[PDB]
Amino acid sequence: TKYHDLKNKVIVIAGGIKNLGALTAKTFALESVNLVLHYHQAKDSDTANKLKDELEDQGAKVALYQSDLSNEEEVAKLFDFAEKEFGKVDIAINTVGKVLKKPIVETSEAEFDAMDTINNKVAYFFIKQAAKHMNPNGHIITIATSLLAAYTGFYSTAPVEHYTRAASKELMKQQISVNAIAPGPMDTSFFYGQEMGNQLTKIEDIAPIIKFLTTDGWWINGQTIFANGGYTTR
Amino acid sequence: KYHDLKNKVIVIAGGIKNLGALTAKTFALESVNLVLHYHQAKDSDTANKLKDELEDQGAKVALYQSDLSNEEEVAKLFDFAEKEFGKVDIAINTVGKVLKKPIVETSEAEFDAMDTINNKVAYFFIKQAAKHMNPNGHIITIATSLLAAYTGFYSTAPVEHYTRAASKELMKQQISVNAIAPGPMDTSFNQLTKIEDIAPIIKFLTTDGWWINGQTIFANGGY
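Residues numbered from 1 in each chain as written, not as in the entry; some residues may be left out. Chains lettered and ligands numbered in written order. Heavy atoms only, no water.

In its metadata, the entry names X-ray crystallography as the structure determination method and reports 2.30 Å as the resolution.

**Q** Please clarify how the packing of helix 1 (residues 19–28) of chain A against helix 8 (residues 207–214) of chain A should be interpreted in this entry.
**A** Two quantities define a packed helix pair, namely the angle between the axes and the distance from one axis to the other. All names here are of chain A. Between helix 1 and helix 8, whose axes approach to 9 Å, the crossing angle comes to 45°. As judged from the angle between their axes, helix 1 and helix 8 are oblique. As for the relative orientation of helix 1 and helix 8, their crossing is right-handed in sense. For the pair formed by helix 1 and helix 8, the contact residues are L20, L23, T24, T27 and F28 on the first element and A207, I210, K211 and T214 on the second. For the contact of helix 1 with helix 8, the class distribution of residues is five nonpolar, three polar and one charged. (Axes fitted to C-alpha atoms, helices over the stretch in contact; angles between N-to-C directions. Helix = DSSP H or I, 4+ residues; strand = E, 2+ residues; numbered from the N terminus. Parallel < 35°, antiparallel > 145°, perpendicular 65-115°, else oblique. Left-handed = near helix turned anticlockwise from the far one by under 90°. Contact = heavy atoms within 4.5 Å. Nonpolar A, V, L, I, M, F, W, Y, C, P; charged D, E, K, R; others polar.)

**Q** How do you make sense of helix 6 (residues 158–169) of chain B when you look at a structure like this?
**A** Along an α-helix, residues three or four apart share an orientation, since each turn contains 3.6 residues. All names here are of chain B. Between its first and last C-alpha, helix 6 extends 16 Å over twelve residues, near the 16 Å set by a 1.5 Å rise per residue. Listed as buried for helix 6 are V159, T163, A166 and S167. One side of helix 6 holds all its buried residues, which, seen down the axis, span an arc of 100°. For helix 6, the exposed residues set more than 90 degrees away from the buried face come down to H161, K168 and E169. Against the buried residues of helix 6 lie helix 4 (108–130), strand 5 (133–142) and strand 6 (176–182). (Expected span 1.5 Å × (residues − 1). Buried < 20%, exposed > 50% of the residue type's maximum accessible area, 1.4 Å probe, protein only. Arc of directions from axis to C-beta.)

**Q** What should I look at first to understand the packing of aromatic side chains in this one?
**A** In this description, a pair of aromatic rings is defined by centroid distance and the angle of the planes. Counted by the stated rule, this structure contains 15 aromatic pairs over all chains. Ring centres 5.3 Å apart and planes at 55° place the aromatic pair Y123 of chain B and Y162 of chain B in the tilted group. A relative accessible area of 22% places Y162 of chain B in the partly exposed class. Here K9 of chain A stacks its cationic end above the ring of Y3 of chain A, 3.8 Å away from the centre of that ring. (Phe/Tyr/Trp six-rings, centres within 6.5 Å; stacked < 30°, edge-to-face > 60°. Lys NZ or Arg CZ within 6 Å of the ring centre and 35° of its normal.)

**Q** What is the right way to read helix 6 (residues 159–170) of chain A from this model?
**A** Residues and elements named next belong to chain A. For helix 6, spanning twelve residues, the distance from its first C-alpha to its last is 16 Å, which sits close to the expected 16 Å at 1.5 Å a residue. Within helix 6 the residues assigned to the buried category are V160, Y163, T164, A167 and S168. In an axial view of helix 6, the angular spread of the buried residues amounts to 125°, which keeps them on one side of the axis. Opposite the buried face of helix 6, by more than 90 degrees, sit the exposed residues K169 and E170. Contacts from the buried residues of helix 6 go to helix 4 (109–131), strand 5 (134–143) and strand 6 (177–183).

Given below as structure tokens:
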């Protein structure tokens, strides 16, 4: 019931072409794995195809899928696309919602909170749609970040924690793992979607937790892992 | 950010049977220096057997028998470890004082008093590991409750509190302090948590999970 081998496996990553998502894909592509990589913005197609090209040279298969990924319909169609090309999904990873198009200085507390409500809704739909297209012994992982909590500095050590726990209970019979990782304060660049000492969480510290949870950490279920180095504020 | 697990000094309390033995075997894949505590003198031939098989993996092993029931004895374990190997890199507390009397002959008050001594020793373990530790060290405690095992009511607790406060305190010394709370295991220590699913989490936290700090990880299969 534990994965002896992670090859021939089907993996969906929402936001899988840059930042945490791309690093997560490279970590999985050490074995002969089937990656469907989602990306939000159509202009990032050359970054996606560059990554596709190097991951194919890692010995992995790569299907790309662009979408705004903002409603249940668009989320459903991501997993439809996944099933169409590789068959039923084994591992689904939600790494990022939509990023900031405005400077943080020019954004208010209400419009940050509204961005959270949208991202929470999409993450709920991601979990729901993953499971309906998923093999038994499968894994769902949401990367829990709050734009409002990052702006005000109030990090906890929460909707996605509630969706994670409730969905793990409901998918117990289907034998699907549902977990979340909540990183500590990160660099401003990631929330624009770009990339003194550092008390900041790096993506290099989050990616191997994702790989672990789907492999040797398979018994962790219903959990939100806070990975922040002990730093709760910035 | 560990480069290797090579040359590292690892202390395991309750290290010769069950989870501790498995933890020891997992770490001994690389060339480690292991200090394996065991509670009972009658388990010495089991200890020497495990020492033999871990030496045949490439690891150096020192055994240490102790009741481990107060701060003085916990201080002595780490003094021993520092004497034999130098400063500790990784300290694991797996165990807790086990049952002599059967479960049926044991009252709730006796289980509660066993948990209290275990909680106190867990506090002392973290405190005394920290005093003998290199920078970038790791302290891990396996959080179980004999009362919760007896009653069947599991939470998803003193050790969580100890873990949190110690990690805040040791922030400048660069020591991570973490706990793992497994679900219902077997009565000798399917919906049960196996030890084979717990020892990889111990190994991961010391390596690629190094950024996890101050946390209690609940590993119960969702049950």
